[PDB]
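*Asks:* Shown below is the structure under consideration.
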Amino acid sequence: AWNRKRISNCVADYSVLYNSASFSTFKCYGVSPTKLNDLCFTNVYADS
Amino acid sequence: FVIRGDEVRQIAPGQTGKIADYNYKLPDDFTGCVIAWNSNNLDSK
Amino acid sequence: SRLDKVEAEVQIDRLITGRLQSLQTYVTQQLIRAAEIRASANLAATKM
């Protein structure tokens with residue numbers, strides 16, 4: 001029953017998100033991870 | 001040197017990480033070899 | 001904007017290859033046309 005969630009209207013400081021060393025793996029496909037903090041996103045969804 | 005094994009993946013050419021960000025990093029044009037072995041038997045304290 | 005240098009390199013290589021092949025095609029085909037025009041010009045001069 002994997003969860004679906006939508007994320008919109010937020011300022012996402014992905015550097016602080018990266019600061020969580022507890023995340024065992026962190027892979028980015030379409031962009032380089034360092035570029036996260038320099039790009040916009042018109043549609044953001046999350047699965048957990 | 002001696003470092004934690006978790007961030008060992010960061011220490012490699014091309015690879016990145018917090019240790020690569022501001023602790024220490026080998027450039028992507030690396031000319032050499034990287035070896036490591038666990039030393040918990042003697043470095044424990 | 002979206003990628004790092006190592007990650008960008010493959011895409012840049014493919015773009016370069018395609019574009020320069022297109023230029024090669026344009027150059028050679030144009031040169032053929034130039035050959036035909038040259039022959040026509042010699043015919044015109046002989047006519048004159």
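Identifiers in this document derive from the order of the structure tokens: chains are assigned A, B, ..., residues are numbered from 1 separately in each chain, and ligands are numbered from 1 in order of occurrence.
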With a cut-off of 10 Å and counting only C-alpha atoms, select all residues of chain C in contact with chain B and give the selection as a PyMOL selection string.
*Replies:* chain C and resi 4-7
*Asks:* Residues of chain A within 10 Å of chain C, using only C-alpha atoms, as a list in words?
*Replies:*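 That gives residues 29, 30, 31, 32, 33, 34, 35, 36, 38 and 39 of chain A for chain A.
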*Asks:* Sort by chain and increasing residue number a table of all residues of chain A within 12 Å of chain B, each with its closest pair of atoms and their distance in Å to one decimal, counting only C-alpha atoms, and write it as CSV.
*Replies:*
```
residue,atom,partner,partner_atom,distance
A:15,CA,B:18,CA,10.7
A:16,CA,B:18,CA,12.0
A:18,CA,B:18,CA,9.1
A:19,CA,B:18,CA,8.5
A:20,CA,B:18,CA,10.7
A:21,CA,B:18,CA,9.1
A:22,CA,B:6,CA,10.8
A:23,CA,B:6,CA,11.5
A:24,CA,B:6,CA,9.2
A:25,CA,B:9,CA,10.9
A:26,CA,B:17,CA,10.4
A:27,CA,B:16,CA,11.6
A:32,CA,B:16,CA,10.6
A:33,CA,B:16,CA,9.7
A:34,CA,B:16,CA,9.4
```
*Asks:* In Å, how far is it from CA of residue 43 in chain B to CA of residue 13 in chain B?
*Replies:*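 Atom-to-atom, CA of residue 43 in chain B and CA of residue 13 in chain B are spaced 26.5 Å apart.
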*Asks:* If you count only C-alpha atoms, which residues fall within 10 Å of residue 36 in chain B, apart from same-chain ones fewer than 5 positions away, as a list in words?
*Replies:* residues 1, 2, 3, 5 and 8 of chain B
*Asks:* Could you go through chain A and tell me which residues DSSP, when run on the backbone, assigns to strand (DSSP E or B), listing them as a list in words?
*Replies:*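 After running DSSP on the backbone, chain A has strand (DSSP E or B) at residues 4, 5, 6, 7, 44, 45, 46 and 47 of chain A.
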